[PDB]
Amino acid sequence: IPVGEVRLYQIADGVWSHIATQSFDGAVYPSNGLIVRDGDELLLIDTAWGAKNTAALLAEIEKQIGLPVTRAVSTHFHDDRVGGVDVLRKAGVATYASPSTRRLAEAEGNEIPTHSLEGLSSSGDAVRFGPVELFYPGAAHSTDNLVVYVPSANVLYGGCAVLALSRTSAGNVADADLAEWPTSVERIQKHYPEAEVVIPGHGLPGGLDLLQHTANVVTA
């Protein structure tokens, strides 16, 4: 609706989604990310799409949860996922991404997470990272995109590889692999068959049906 606002809400015990709005090429869009508690610390999944928005997110997190963000992971190299990494670093947060994501961000002119994730090289690879599992499903919205599962809550965060139910277009496919995308969605289906909440990269949370909806949109 209005640009530059940031909110959080509860998904499960120790799991929240953050939502922010931003202006892009003459239009305003919402965008989602995740927050996961690990003891008395927080793990952040993806920026809030810009420096100003990311600084507001840290202030909302401090007022509403009150535990420190110590680590952050960006799930691909575009600005809605890394824009704000420099604010996070100045706040003392350790920032991470795959090596391919870090190289692509630099090619693009974007902010670059400091540390490289290990073990995510081929389609189907998965690694534990504190309270979440990180999965590379294959190329989809981009060749580097990751998805994130929370075993304690049975929640799947699909990022920009998963479209909301209300979407009719795949959007910016400049870096997409439309030929591979359906296969990558099937890999998620088969790896996390039991997930009961699926959070897309933009729009309302849904169920596993979002994976088949995504396939349908991307095919057309």
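Numbering starts at 1 and runs along the sequence shown.
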Inset, instruction - Can you let me know which of the two, 208-216 or 9-17, has the higher average C-alpha B-factor in the entry? - result: 208-216
Legend entry - Residue stretch of maximal mean CA temperature factor, 153-161 vs 166-174: 166-174
Inset, instruction - Name the one of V28, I188, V36, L57 with the greatest CA B-factor according to the PDB entry. - result: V28
Inset, instruction - Sort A48, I65, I45, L42 by C-alpha B-factor from the entry and give me just the highest. - result: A48
Inset, instruction - Among all modelled residues of this chain, ranked by Cα B factor, put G130 in the bottom, middle or top third, i.e. lowest, middle or highest. - result: middle
Inset, instruction - Compare the C-alpha B factor of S74 with those of the other modelled residues in its chain, then answer lowest, middle or highest third. - result: lowest
Inset, instruction - Classify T101 as lowest, middle or highest third according to the C-alpha B-factor given in the PDB entry, relative to its own chain. - result: lowest
Inset, instruction - Rank-wise, by C-alpha B-factor, drop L117 into the lowest, middle or highest third of its chain. - result: middle
Inset, instruction - Quick one: classify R89 as lowest, middle or highest third of the chain based on its Cα B-factor. - result: middle
